[PDB]
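Chains as they are written, first to last, in PDB author numbering: chain H, 2 to 130; chain O, 2 to 89; chain B, 4 to 227. Input: a single structure, listed below in structure tokens.
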Amino acid sequence: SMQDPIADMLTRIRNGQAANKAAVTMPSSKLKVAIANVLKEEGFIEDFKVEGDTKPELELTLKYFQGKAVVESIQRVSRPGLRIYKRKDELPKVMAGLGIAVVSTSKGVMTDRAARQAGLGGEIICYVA
Amino acid sequence: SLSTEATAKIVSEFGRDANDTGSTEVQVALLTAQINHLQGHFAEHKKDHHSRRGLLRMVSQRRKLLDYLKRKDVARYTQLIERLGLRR
Amino acid sequence: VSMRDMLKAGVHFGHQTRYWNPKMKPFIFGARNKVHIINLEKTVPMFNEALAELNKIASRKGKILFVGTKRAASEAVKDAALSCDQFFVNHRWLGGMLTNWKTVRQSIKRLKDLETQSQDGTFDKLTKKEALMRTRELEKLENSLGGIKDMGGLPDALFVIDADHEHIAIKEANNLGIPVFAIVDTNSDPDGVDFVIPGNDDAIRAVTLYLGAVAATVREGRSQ
RNA sequence: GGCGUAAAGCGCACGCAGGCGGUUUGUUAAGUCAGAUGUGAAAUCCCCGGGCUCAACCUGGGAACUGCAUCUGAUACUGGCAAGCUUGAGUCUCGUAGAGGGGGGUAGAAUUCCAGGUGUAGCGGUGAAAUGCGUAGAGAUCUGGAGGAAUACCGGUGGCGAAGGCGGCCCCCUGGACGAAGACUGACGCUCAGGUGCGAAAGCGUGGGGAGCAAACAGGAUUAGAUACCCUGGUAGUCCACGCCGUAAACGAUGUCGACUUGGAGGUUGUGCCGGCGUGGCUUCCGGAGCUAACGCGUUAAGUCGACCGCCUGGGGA
Numbered sequence: 002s003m004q005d006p007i008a009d010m011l012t013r014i015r016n017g018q019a020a021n022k023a024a025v026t027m028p029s030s031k032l033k034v035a036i037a038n039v040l041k042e043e044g045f046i047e048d049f050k051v052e053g054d055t056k057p058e059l060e061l062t063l064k065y066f067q068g069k070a071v072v073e074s075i076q077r078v079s080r081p082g083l084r085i086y087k088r089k090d091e092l093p094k095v096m097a098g099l100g101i102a103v104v105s106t107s108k109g110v111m112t113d114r115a116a117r118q119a120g121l122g123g124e125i126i127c128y129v130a
Numbered sequence: 002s003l004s005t006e007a008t009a010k011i012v013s014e015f016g017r018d019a020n021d022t023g024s025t026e027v028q029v030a031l032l033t034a035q036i037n038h039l040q041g042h043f044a045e046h047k048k049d050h051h052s053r054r055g056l057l058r059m060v061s062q063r064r065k066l067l068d069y070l071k072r073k074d075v076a077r078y079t080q081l082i083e084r085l086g087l088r089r
Numbered sequence: 004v005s006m007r008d009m010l011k012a013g014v015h016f017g018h019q020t021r022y023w024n025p026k027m028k029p030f031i032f033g034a035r036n037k038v039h040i041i042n043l044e045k046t047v048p049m050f051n052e053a054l055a056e057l058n059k060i061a062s063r064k065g066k067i068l069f070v071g072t073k074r075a076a077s078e079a080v081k082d083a084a085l086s087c088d089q090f091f092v093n094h095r096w097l098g099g100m101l102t103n104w105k106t107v108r109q110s111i112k113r114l115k116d117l118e119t120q121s122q123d124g125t126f127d128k129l130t131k132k133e134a135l136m137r138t139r140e141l142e143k144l145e146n147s148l149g150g151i152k153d154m155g156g157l158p159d160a161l162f163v164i165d166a167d168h169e170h171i172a173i174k175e176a177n178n179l180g181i182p183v184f185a186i187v188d189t190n191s192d193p194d195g196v197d198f199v200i201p202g203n204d205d206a207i208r209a210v211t212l213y214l215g216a217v218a219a220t221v222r223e224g225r226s227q
């Protein structure tokens with residue numbers, strides 16, 4: 002059954018980028034909206050939006066710069082089968098700094114950069130590059 | 002299978018309107034009625050394995066529904082298994 | 004060129020829905036009698052910008068190669084390039100004409116000496132039999148290289164007919180970074196062409212339409 | 001790190017423990033995170049210096065000791081709690097297709113046998129023969145009867161079933177799947193060690209049955225030999241009821257479930273609209289990206305992910 006909606010969303014993003022899809026439409030969740038916020042505020046995707054009252058649908062508009070997909074490697078890190086937590090001292094760096102590690106911290110879902118600046122640890126949601 | 006009249010009778014006797022079929026009480030009543038009927042079929046047909054698998058499916062579905070009710074509301078669970086004579 | 008002439012000459016008339024390529028869904032509006040109709044609003048601007056690039060490359064004295072081999076347009080293409088001051092290849096393509104120019108150059112050198120042997124009286128000092136083989140070499144090499152005898156260097160751009168039929172030439176030209184232009188049906192592929200121009204090339208009317216329009220724009224570019 | 005073919009998906013299923021868990025709100029603060037306090041002996045290791053002529057070595061200070069407990073905070077995520085929601089899952093109505101299962105009955109074709117009629121020197125078999133059957137009348141042909149087993153055509157890389165498997169026709173009892181409109185519950189889910197059940201053929205036990213076929217066995221050939229291949233016979237067994245066995249190259253050599261990702265040529269069954277325009281499921285074949293060692297797989301994945309389980313770790317021994 003469906004048990005990892007976050008990894009499902011990352012997979013839909015990755016498959017759309019490999020299929021050169023313009024946009025992907027999926028059931029919407031508040032954590033999905035938060036990761037879409039983090040991805041939009043870092044330029045990995047164009048924009049997002051949500052439609053639906055009882056059953057909100059999350060539609061992400063993908064972006065491609067020189068024909069090729071913007072997101073190169075997007076990967077689920079902390080999974081239901083194995084949850085991953087890092088203290089601020091030991092937060093990861095994706096692509097030696099060029100990418101992001103989406104880190105849910107106590108002050109919201111933010112990147113590894115914002116978490117490190119804010120002096121916080123948290124759960125390591127996904128790597129993006 | 003249970004005749005249409007029997008299904009309607011059980012739904013009315015266990016649903017909180019003439020059109021309440023999906024509730025846990027109605028479902029468990031229907032499963033119990035079908036099992037009570039099928040015991041007579043399988044008394045004559047101890048070799049009817051292909052139908053016994055479906056009977057055991059009904060058994061397992063009923064067990065899961067009773068467990069769900071028990072964690073959901075103990076009062077309705079006791080009332081339900083009292084109304085039927087279900088062991089647990 | 005404009006939408007009305009394209010619809011008149013059956014530019015929109017593509018191939019069957021069973022022969023449609025997976026990559027040409029945007030270039031088509033819908034279906035009728037199981038024949039796909041190439042979008043005619045998406046055709047005019049793309050065709051015109053390809054024409055404009057051809058015109059610009061005609062300012063730099065840039066060479067253009069016209070490619071189309073099927074019998075329906077052989078004379079049509081061979082004239083559409085003859086009256087353009089540009090080289091062509093209209094018969095059975097020898098694979099490696101571009102990537103292996105260092106051997107077919109010797110081939111065309113032999114052809115040139117054999118065709119100056121045509122107007123030399125050479126086919127009179129031999130015993131009426133070697134002349135047969137020399138004339139057959141003339142015939143076969145003229146068929147194989149009917150427009151690029153005076154080519155004198157790899158062509159600068161590749162204007163092609165039925166991109167799928169000439170995928171060898173297309174991939175050869177891609178292998179050296181040469182701009183490539185394709186008159187490409189719905190049943191063909193845009194991956195090897197940097198300028199994709201959806202349009203029928205089996206309808207001889209459509210072939211003549213594209214060839215005449217591109218000839219007009221290239222002659223205009225070469226005027227200045 | 002792997003499990004189509006190199007070693008590796010249990011034959012299949014159900015299911016307890018366990019592992020994991022769609023969406024919204026409030027609350028809690030356990031996991032998680034921040035800071036502090038205490039402790040984490042010294043030494044060692046590392047860093048910055050000092051002393052032996054240097055170095056080893058000794059030595060000052062720090063860092064480190066990645067841990068544990070307490071305290072105060074933060075609430076994004078997981079967990080607990082409480083209430084919701086319907087899209088996962090499930091129940092109801094009508095309808096569809098099916099060799100799905102159990103039991104009972106019946107029908108025609110064919111074989112064998114028994115009886116009879118007609119009829120006479122062959123029949124049968126083989127590469128060639130012989131064994132064998134036939135003058136006590138065979139084979140052939142016609143008629144009557146007995147019996148057992150299997151169900152021609154339909155018939156379809158069709159269908160149904162978890163797998164094993166299921167094929168004339170009729171009836172009774174009975175499981176599942178799917179579809180169009182709705183109505184109802186409201187996460188009730190997925191997977192599953194242990195466990196339980198089912199599970200080809202052969203085989204075993206008890207009692208029946210026995211046409212054909214045929215292990216064993218016998219004879220005739222073949223052959224250097226022929227405990228075979230071929231021929232002539234032929235008993236278990238194949239059939240039935242009950243119980244057992246529990247294994248197959250039980251194979252897609254491909255675990256289940258869910259989500260996502262170009263196309264095309266065929267077949268199949270529902271439902272909407274006027275033979276065409278759609279809408280759900282299934283099935284065969286090629287093939288793109290991608291993947292693979294390659295072969296190949298390719299929306300029915302062997303592609304991209306997630307949950308859980310099973311399994312592998314050179315060949316032989318085994």
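Beta carbons are placed, not taken as given, at the ideal position from N, Cα and C, and that holds for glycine.
Inset, instruction - Just grab the DSSP bridge partners of residue 136 of chain H for me. - result: It is not possible to answer for residue 136 of chain H, since the shown part of chain H is limited to 2 through 130.
Inset, instruction - Using only alpha-carbon positions, find the residue among B/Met-27, B/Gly-150, B/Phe-50 that is nearest to B/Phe-198. - result: B/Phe-50
Inset, instruction - Indicate the three-state DSSP secondary structure (helix, strand or coil) for B/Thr-189 in the structure shown. - result: coil
Legend entry - Contacts around B/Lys-45, its chain only, beta-carbon distance under 8 Å, and the 5 residues preceding and following it disregarded: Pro-29, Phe-30, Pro-201
Legend entry - Residues near B/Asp-159 in its chain [Cβ-Cβ closer than 6 Å; skip 5 each side]: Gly-65, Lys-66
Inset, instruction - Could you give the DSSP three-state label for H/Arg-84: helix, strand or coil? - result: coil
Inset, instruction - Using beta-carbon positions only, say whether O/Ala-34 and O/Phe-15 come within less than 7 Å of one another. - result: no
Inset, instruction - Report the rounded CA-to-CA distance for B/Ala-84 versus H/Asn-21, giving the unit in angstroms. - result: 38 Å
Legend entry - B/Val-163 (DSSP reduced to helix, strand or coil): strand
Inset, instruction - Can you give me the Cβ contacts of B/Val-4 inside the same chain, cut-off strictly under 8 Å, excluding the 5 residues immediately before and after it? - result: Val-47, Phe-50, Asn-51, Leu-54, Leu-212, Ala-216
Inset, instruction - Could you tell me which residues DSSP pairs with H/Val-103 in its beta bridges? - result: H/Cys-127
Inset, instruction - Assign O/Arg-17 to one of three DSSP states: helix, strand, or coil. - result: coil
Inset, instruction - Starting from the N-terminal side, write out each stretch of the beta strand (DSSP E) that is 3 residues or longer and does not extend beyond the region 95-172 of chain B. - result: 160-164
Inset, instruction - Please state whether DSSP places B/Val-4 in a helix, a strand or coil. - result: coil
Legend entry - Nearest neighbour of O/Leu-39, chosen from O/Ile-82, O/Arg-53, O/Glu-26, O/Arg-63 [CA to CA]: O/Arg-53
Legend entry - Beta-carbon gap between residue 183 of chain H and H/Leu-32 smaller than 7 Å: Outside the displayed range of chain H (2 to 130) lies residue 183 of chain H, so it cannot be described from this structure.
Legend entry - B/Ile-111 classed as buried or exposed, judged by whether at least 16 other C-beta atoms fall within 10 angstroms: buried
Inset, instruction - Rounded to whole angstroms, what's the CA-CA distance from B/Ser-62 to B/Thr-220? Just pull it up for me. - result: 11 Å
Inset, instruction - Taking all protein chains shown into account, decide if H/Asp-113 is buried (16 or more other Cβ within 10 angstroms of its Cβ) or exposed. - result: buried
Legend entry - B/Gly-13 vs B/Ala-209 beta-carbon contact at 7 Å: yes
Inset, instruction - Would you mind working out which of B/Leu-144, B/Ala-76, B/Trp-96, B/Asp-88 sits nearest B/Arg-113, comparing C-alpha positions? - result: B/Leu-144
Inset, instruction - Would you please state the rounded distance, in angstroms, between the beta carbons of B/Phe-69 and B/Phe-162? I believe it to be under 8 Å. - result: 5 Å
Inset, instruction - Using beta-carbon positions only, say whether H/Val-34 and H/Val-103 come within less than 7 Å of one another. - result: no
Legend entry - Residue range of the alpha helix (DSSP H) that includes B/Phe-69: From DSSP, B/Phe-69 is part of no alpha helix (DSSP H) but of the beta strand (DSSP E) over 67-70.
Inset, instruction - Could you tell me how far apart the beta carbons of B/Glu-118 and B/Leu-141 are, in whole angstroms, since I believe they sit closer than 8 Å? - result: 6 Å
Inset, instruction - Drop a sphere of 10 angstroms on the beta-carbon of O/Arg-63, count the other beta-carbons inside from all chains shown, and report buried for 16 or more, exposed for fewer. - result: buried
Legend entry - Stretch-stretch touch, CB-based, cutoff 8 Å, three pairs: the region 89-97 of chain H with the region 109-125 of chain H: yes
Legend entry - Start-to-end residues for the alpha helix (DSSP H) that takes in residue 234 of chain B: The question about residue 234 of chain B has no answer here: the residues shown for chain B are numbered 4 through 227.
Inset, instruction - Spell out a yes or no on whether the region 92-99 of chain B and the region 184-197 of chain B are touching, meaning 3 or more CB-CB pairs, one atom from each, closer than 8 Å. - result: no
Legend entry - B/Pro-182 - DSSP class collapsed to helix/strand/coil: coil
Legend entry - Assigned exposure category for H/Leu-83 - 16 Cβ within 10 Å defines buried: exposed
Legend entry - Three-state secondary structure (DSSP) of residue 3 of chain B: What the structure shows of chain B is the stretch from 4 to 227, and residue 3 of chain B is not part of that stretch, so it cannot be assessed.
Legend entry - C-alpha gap between H/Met-111 and B/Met-27, whole angstroms: 40 Å
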